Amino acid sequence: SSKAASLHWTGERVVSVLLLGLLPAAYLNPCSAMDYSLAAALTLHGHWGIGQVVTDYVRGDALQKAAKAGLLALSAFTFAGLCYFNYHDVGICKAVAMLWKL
């Protein structure tokens, strides 16, 4: 008799207001610490976002599980991929900074 659906919803809005917290917080004062938390929020908010589109349009239980798992993989690779970029390359902030200097 859990409250798993409403906790999901409140979690979504949390990270939503948190990502909206980080976008200005990244331009003002960019650092190592900010790059990882941006990767966190970015892929998470993103993952749960696609989750909704999947549940809306992907009809039938057979395809529903596959899309979810397929998305889980695409997200897990996206997060780790950004964290790699953060440790072993320039980082999200400075990468944008360079892109805008062009």
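Position 1 is the first residue in the sequence shown; the rest follow in order.
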{"query": "Between 45-53 and 27-35 (mean CA B-factor, as deposited), the higher", "finding": "27-35"}
{"query": "Ranked against its chain, the third holding the CA B-factor of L71", "finding": "middle"}
{"query": "Lowest, middle or highest third - CA B-factor, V58", "finding": "middle"}
{"query": "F79 CA temperature factor, ranked by third within the chain", "finding": "lowest"}
